[PDB]
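Participant: Sharing a structure with you now.
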Amino acid sequence: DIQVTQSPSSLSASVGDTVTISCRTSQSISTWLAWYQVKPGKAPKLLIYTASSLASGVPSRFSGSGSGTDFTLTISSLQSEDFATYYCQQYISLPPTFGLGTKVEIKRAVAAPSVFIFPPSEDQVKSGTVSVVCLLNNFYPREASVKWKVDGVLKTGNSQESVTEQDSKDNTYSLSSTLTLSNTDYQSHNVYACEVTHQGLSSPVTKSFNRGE
Amino acid sequence: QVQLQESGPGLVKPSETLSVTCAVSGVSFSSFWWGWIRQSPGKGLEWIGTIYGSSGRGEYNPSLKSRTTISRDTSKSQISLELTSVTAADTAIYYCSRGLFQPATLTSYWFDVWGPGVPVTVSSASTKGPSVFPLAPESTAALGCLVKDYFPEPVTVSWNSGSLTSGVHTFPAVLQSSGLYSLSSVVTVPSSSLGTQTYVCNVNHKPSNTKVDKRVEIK
């Protein structure tokens, strides 16, 4: 199949900005490229086809260009309804194939996360499986590093992250990191900490607890 | 003018057949080409195939052709997709679309109208209600509830029977290696209100008909 590559994976913009996103194909597709807009849980919408032709009903602030292997979508004077994920798609040959998308998000001032750590409850310990949860609350931008340290040593594996969409009120993100351990494993160490690095923090911030304290 | 609406089973067991349907309205069914596209969680969009309303002949993605049947129900102006021998990897949102093509030799398809999509989960997990555990510990404090080991999605979480809404974040559910889902809901509150005010998370899992109310306090 033809490989279709979009960049960047995400970008932040403000209403009134001009934004451009790019599409690159693994072989020439002439001018057979389409662009789509997708909002969460909604029907995708065709924006552009034949690389530069506007679809019916689509605002003229959308435009497309390019040929061969390099293409761009441009949004002049971005409006609030334009924050969404954008996909490009080739259709010179079968099967038509899509890029992995570019998310256009709302720019705002940098905000450091408020960090919280939660020890497992006694009722969780009795179940034989425990989750240690680290919360990063109301931060921007999205990029953040969360490290688990157990008795001072980096713990890898056994953790999973979950992130909110941008908050409707303040455009920030929140994130959870959950470390899942057998109780046998949990009881074998004393100090649990999550260490957070983020653009809004000159130094990483660590929250910790001592098991059973 | 064209309106597309998908419908489907919601949950399919592995090795069974996934079946979804699309009602086409507003335009002539026989005059256009209709097909299916899906998007798996974390993956990109994948075209499945597209058939002509008039003849039922069409083209299929080589990756999926061996498991795929796309057919028409003309009495209802519907197209259907049958996907056989499914596995967990077939979990996806399934979209109905109109496929267009143009003289270039012809182009392949671009898609000028899409349905809203129908989510389908493929899993051998049985229905199970969640265990709920309190998350408990500066001006502000965070409190929360861990809702874990449930199936299927979704669970709803409220705080203080809906009387606490500001500062609440409920995270997306994650699928564990066990086949069960887990999520947390958290809220930020004044440090000074702790100990003199009670915080309760109300969890509802309608597929299992379970409601849990968990008091979250400092141990």
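Ordering of the structure tokens sets the chain letters (A, B, ...), residue numbers begin anew at 1 in every chain, and ligands are numbered from 1 in the order given.
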Run DSSP on the backbone and tell me which residues of chain A come out as strand (DSSP E or B); list them as a ChimeraX atom specification.
Facilitator: /A:4-7,10-13,19-25,33-38,45-49,53-54,62-67,70-75,84-90,97-98,102-106,111,114-118,129-140,145-150,153-155,159-163,173-182,191-197,205-210
Participant: Find the residues of chain A that sit at most 9 Å from chain B; for each, write down the nearest two atoms and how far apart they are in Å, to one decimal. Count only C-alpha atoms. Sort by chain, then by number going up, and give it as a Markdown table.
Facilitator:
| residue | atom | partner | partner_atom | distance |
| --- | --- | --- | --- | --- |
| A:32 | CA | B:107 | CA | 7.5 |
| A:33 | CA | B:110 | CA | 8.3 |
| A:34 | CA | B:110 | CA | 6.7 |
| A:41 | CA | B:116 | CA | 7.1 |
| A:42 | CA | B:116 | CA | 5.2 |
| A:43 | CA | B:116 | CA | 4.0 |
| A:44 | CA | B:114 | CA | 6.0 |
| A:45 | CA | B:113 | CA | 6.9 |
| A:46 | CA | B:112 | CA | 5.4 |
| A:47 | CA | B:112 | CA | 8.7 |
| A:49 | CA | B:110 | CA | 7.7 |
| A:55 | CA | B:112 | CA | 7.9 |
| A:87 | CA | B:45 | CA | 8.9 |
| A:89 | CA | B:110 | CA | 7.8 |
| A:90 | CA | B:110 | CA | 8.0 |
| A:91 | CA | B:108 | CA | 4.8 |
| A:92 | CA | B:107 | CA | 5.1 |
| A:93 | CA | B:108 | CA | 5.3 |
| A:94 | CA | B:108 | CA | 6.0 |
| A:95 | CA | B:61 | CA | 5.7 |
| A:96 | CA | B:109 | CA | 6.5 |
| A:97 | CA | B:46 | CA | 6.8 |
| A:98 | CA | B:45 | CA | 6.0 |
| A:99 | CA | B:44 | CA | 6.9 |
| A:100 | CA | B:44 | CA | 5.0 |
| A:101 | CA | B:44 | CA | 7.7 |
| A:116 | CA | B:142 | CA | 6.8 |
| A:117 | CA | B:137 | CA | 6.9 |
| A:118 | CA | B:137 | CA | 5.6 |
| A:119 | CA | B:136 | CA | 7.3 |
| A:120 | CA | B:135 | CA | 7.4 |
| A:121 | CA | B:134 | CA | 6.7 |
| A:123 | CA | B:133 | CA | 7.3 |
| A:124 | CA | B:133 | CA | 6.7 |
| A:131 | CA | B:146 | CA | 8.6 |
| A:133 | CA | B:135 | CA | 8.0 |
| A:135 | CA | B:142 | CA | 8.5 |
| A:137 | CA | B:188 | CA | 8.8 |
| A:160 | CA | B:174 | CA | 8.3 |
| A:161 | CA | B:174 | CA | 8.7 |
| A:162 | CA | B:171 | CA | 6.3 |
| A:163 | CA | B:171 | CA | 6.4 |
| A:164 | CA | B:171 | CA | 5.8 |
| A:174 | CA | B:169 | CA | 7.6 |
| A:175 | CA | B:171 | CA | 7.8 |
| A:176 | CA | B:171 | CA | 7.6 |
Participant: Write out, as a JSON list (two decimals), in the first residue's frame, the residues just selected, with C-alpha atoms.
Facilitator:
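So again_28.json came out as:
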[["chain", "number", "residue", "atom", "x", "y", "z"],
["A", 32, "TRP", "CA", -5.13, 12.65, -5.88],
["A", 33, "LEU", "CA", -5.25, 13.75, -2.25],
["A", 34, "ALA", "CA", -8.23, 14.50, -0.02],
["A", 41, "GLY", "CA", -17.57, 11.25, 18.16],
["A", 42, "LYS", "CA", -18.72, 13.06, 15.02],
["A", 43, "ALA", "CA", -18.98, 12.24, 11.32],
["A", 44, "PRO", "CA", -15.79, 13.04, 9.39],
["A", 45, "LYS", "CA", -16.16, 15.89, 6.92],
["A", 46, "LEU", "CA", -14.57, 16.17, 3.49],
["A", 47, "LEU", "CA", -12.73, 19.52, 3.16],
["A", 49, "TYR", "CA", -10.21, 16.90, -2.84],
["A", 55, "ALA", "CA", -15.78, 20.52, -1.07],
["A", 87, "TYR", "CA", -6.51, 13.54, 8.07],
["A", 89, "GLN", "CA", -5.89, 10.48, 2.17],
["A", 90, "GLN", "CA", -4.46, 9.32, -1.14],
["A", 91, "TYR", "CA", -6.66, 7.83, -3.84],
["A", 92, "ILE", "CA", -4.49, 7.42, -6.92],
["A", 93, "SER", "CA", -4.67, 3.64, -6.36],
["A", 94, "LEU", "CA", -6.27, 0.81, -4.41],
["A", 95, "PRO", "CA", -6.53, 0.71, -1.50],
["A", 96, "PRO", "CA", -7.06, 4.37, -0.61],
["A", 97, "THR", "CA", -4.97, 5.00, 2.47],
["A", 98, "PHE", "CA", -5.10, 7.65, 5.23],
["A", 99, "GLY", "CA", -2.48, 9.53, 7.24],
["A", 100, "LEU", "CA", -2.47, 9.16, 11.04],
["A", 101, "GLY", "CA", -3.76, 12.68, 11.52],
["A", 116, "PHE", "CA", -0.74, 14.55, 43.82],
["A", 117, "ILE", "CA", 0.06, 10.98, 44.80],
["A", 118, "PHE", "CA", -2.49, 8.55, 46.27],
["A", 119, "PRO", "CA", -1.55, 5.42, 48.23],
["A", 120, "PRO", "CA", -3.71, 2.32, 47.86],
["A", 121, "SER", "CA", -6.56, 2.01, 50.34],
["A", 123, "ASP", "CA", -9.57, -2.31, 51.08],
["A", 124, "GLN", "CA", -7.44, -2.43, 47.94],
["A", 131, "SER", "CA", -2.91, 0.61, 42.26],
["A", 133, "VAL", "CA", -2.10, 6.70, 41.37],
["A", 135, "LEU", "CA", -2.38, 12.85, 39.29],
["A", 137, "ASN", "CA", -3.79, 18.42, 37.29],
["A", 160, "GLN", "CA", -0.34, 3.23, 32.40],
["A", 161, "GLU", "CA", -1.23, 6.85, 31.63],
["A", 162, "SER", "CA", -4.61, 8.43, 30.82],
["A", 163, "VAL", "CA", -5.10, 12.04, 29.67],
["A", 164, "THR", "CA", -8.20, 14.22, 29.40],
["A", 174, "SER", "CA", -5.04, 16.56, 33.31],
["A", 175, "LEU", "CA", -3.27, 13.22, 33.44],
["A", 176, "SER", "CA", -3.25, 10.12, 35.60]]
Participant: Might you pull out every residue within 10 Å of residue 74 of chain B, with only C-alpha atoms counted and same-chain residues fewer than 6 positions away left off, and present them as a PyMOL selection string?
Facilitator: chain B and resi 29-30+53-54
Participant: Give me, please, the distance in Å between atom CA of residue 17 of chain A and atom CA of residue 75 of chain A, quoted to one decimal.
Facilitator: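 Computing the Euclidean distance for atom CA of residue 17 of chain A and atom CA of residue 75 of chain A yields 8.2 Å.
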Participant: So which residues touch residue 196 of chain B within 12 Å, counting only C-alpha atoms, skipping near sequence neighbours fewer than 4 positions away, as a PyMOL selection string?
Facilitator: chain B and resi 190-192+217-218
Participant: Using only C-alpha atoms, determine which residues lie at most 8 Å from segment 128-130 of chain B, disregarding the query and same-chain residues fewer than 5 positions distant; provide the list as an mmCIF file with C-alpha atoms, in the first residue's frame.
Facilitator:
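The resulting file, around.cif, is shown below:
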data_model
loop_
_atom_site.group_PDB
_atom_site.id
_atom_site.type_symbol
_atom_site.label_atom_id
_atom_site.label_comp_id
_atom_site.auth_asym_id
_atom_site.auth_seq_id
_atom_site.Cartn_x
_atom_site.Cartn_y
_atom_site.Cartn_z
ATOM 1 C CA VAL B 147 -13.198 2.416 39.358
ATOM 2 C CA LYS B 148 -11.641 -0.820 38.231
ATOM 3 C CA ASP B 149 -12.159 -4.235 36.683
ATOM 4 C CA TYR B 150 -15.470 -3.689 34.928
ATOM 5 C CA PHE B 151 -16.967 -4.759 31.597
ATOM 6 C CA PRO B 152 -18.312 -3.509 29.321
ATOM 7 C CA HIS B 205 -22.468 0.737 35.839
ATOM 8 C CA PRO B 207 -24.766 -3.056 32.153
ATOM 9 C CA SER B 208 -24.339 -4.809 35.525
ATOM 10 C CA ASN B 209 -27.022 -2.756 37.301
ATOM 11 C CA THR B 210 -24.594 -1.740 40.059
#
Participant: Quick one: residues within 7 Å of residue 140 of chain A, only C-alpha atoms, excluding same-chain residues fewer than 2 positions away - as an mmCIF file with C-alpha atoms, in the first residue's frame?
Facilitator:
data_model
loop_
_atom_site.group_PDB
_atom_site.id
_atom_site.type_symbol
_atom_site.label_atom_id
_atom_site.label_comp_id
_atom_site.auth_asym_id
_atom_site.auth_seq_id
_atom_site.Cartn_x
_atom_site.Cartn_y
_atom_site.Cartn_z
ATOM 1 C CA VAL A 110 2.050 27.567 30.058
ATOM 2 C CA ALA A 111 0.677 26.111 33.295
ATOM 3 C CA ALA A 112 2.618 23.805 35.566
ATOM 4 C CA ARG A 142 0.305 18.387 26.939
ATOM 5 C CA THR A 172 -5.679 22.670 30.225
ATOM 6 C CA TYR A 173 -4.969 18.965 30.418
#
Participant: Between atom CA of residue 122 of chain A and atom CA of residue 210 of chain A, measure the distance and give it in Å to one decimal.
Facilitator: 14.2 Å
Participant: Using only C-alpha atoms, which of A:128, A:57, A:141, A:64 sits nearest residue 13 of chain A?
Facilitator: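 For residue 13 of chain A, the nearest of the candidates is A:141.
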Participant: Skipping near chain neighbours, those fewer than 4 positions away, what residues fall within 8 Å of residue 200 of chain B using only C-alpha atoms, listed as a PyMOL selection string?
Facilitator: chain B and resi 159-161+213-216
Participant: May I have the selected residues written with N, CA and C atoms, as an mmCIF file, in the first residue's frame?
Facilitator:
data_model
loop_
_atom_site.group_PDB
_atom_site.id
_atom_site.type_symbol
_atom_site.label_atom_id
_atom_site.label_comp_id
_atom_site.auth_asym_id
_atom_site.auth_seq_id
_atom_site.Cartn_x
_atom_site.Cartn_y
_atom_site.Cartn_z
ATOM 1 N N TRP B 159 -20.044 13.237 41.701
ATOM 2 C CA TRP B 159 -19.595 13.526 43.053
ATOM 3 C C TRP B 159 -20.706 14.204 43.830
ATOM 4 N N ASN B 160 -20.957 13.701 45.037
ATOM 5 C CA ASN B 160 -22.006 14.220 45.909
ATOM 6 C C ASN B 160 -23.365 14.292 45.212
ATOM 7 N N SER B 161 -23.701 13.216 44.496
ATOM 8 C CA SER B 161 -24.971 13.078 43.777
ATOM 9 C C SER B 161 -25.189 14.187 42.754
ATOM 10 N N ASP B 213 -21.735 3.946 46.147
ATOM 11 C CA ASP B 213 -21.439 5.270 46.680
ATOM 12 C C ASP B 213 -20.288 5.153 47.669
ATOM 13 N N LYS B 214 -19.156 5.763 47.329
ATOM 14 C CA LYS B 214 -17.946 5.628 48.127
ATOM 15 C C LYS B 214 -17.572 6.934 48.819
ATOM 16 N N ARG B 215 -17.530 6.918 50.149
ATOM 17 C CA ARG B 215 -17.060 8.082 50.897
ATOM 18 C C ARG B 215 -15.539 8.179 50.822
ATOM 19 N N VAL B 216 -15.035 9.338 50.419
ATOM 20 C CA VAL B 216 -13.596 9.526 50.295
ATOM 21 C C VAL B 216 -13.122 10.468 51.380
#
Participant: What is the atom CA of residue 14 of chain A to atom CA of residue 107 of chain A distance in Å?
Facilitator: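 Those two atoms sit 5.5 Å apart.
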Participant: Enumerate the residues of segment 13-143 of chain A with a DSSP assignment of helix (DSSP H, G or I), computed from the backbone, and present them as a PyMOL selection string.
Facilitator: chain A and resi 80-82+122-127
Participant: Keeping N, CA, C and O atoms for every residue in the selection just given, could you write it to a file as a compact mmCIF listing (two decimals), in the first residue's frame?
Facilitator:
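Writing done, so here's out35.txt:
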# COMPACT_ATOMS: atom_id res chain seq x y z
N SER A 80 -12.97 29.11 15.92
CA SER A 80 -13.13 28.22 17.07
C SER A 80 -13.67 26.85 16.67
O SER A 80 -13.39 25.85 17.34
N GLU A 81 -14.40 26.80 15.57
CA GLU A 81 -14.95 25.54 15.07
C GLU A 81 -13.91 24.69 14.34
O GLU A 81 -14.21 23.57 13.89
N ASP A 82 -12.69 25.20 14.21
CA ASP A 82 -11.66 24.53 13.43
C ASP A 82 -10.73 23.67 14.27
O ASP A 82 -9.87 22.98 13.74
N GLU A 122 -6.74 0.51 52.23
CA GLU A 122 -6.65 -0.76 52.95
C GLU A 122 -7.54 -1.81 52.28
O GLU A 122 -7.20 -3.00 52.25
N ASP A 123 -8.67 -1.38 51.74
CA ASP A 123 -9.57 -2.31 51.08
C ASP A 123 -8.98 -2.81 49.77
O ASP A 123 -9.24 -3.95 49.35
N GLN A 124 -8.16 -1.99 49.12
CA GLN A 124 -7.44 -2.43 47.94
C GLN A 124 -6.35 -3.46 48.29
O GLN A 124 -6.22 -4.48 47.60
N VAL A 125 -5.59 -3.20 49.35
CA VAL A 125 -4.57 -4.15 49.81
C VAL A 125 -5.17 -5.53 50.07
O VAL A 125 -4.61 -6.56 49.66
N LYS A 126 -6.32 -5.56 50.73
CA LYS A 126 -6.97 -6.83 51.04
C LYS A 126 -7.37 -7.61 49.78
O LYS A 126 -7.53 -8.83 49.83
N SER A 127 -7.52 -6.91 48.65
CA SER A 127 -7.92 -7.58 47.42
C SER A 127 -6.75 -8.33 46.80
O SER A 127 -6.93 -9.22 45.97
Participant: When distances are computed from only C-alpha atoms, which of B:12, B:70, B:199, B:145 shows the smallest separation from residue 182 of chain B?
Facilitator: B:145
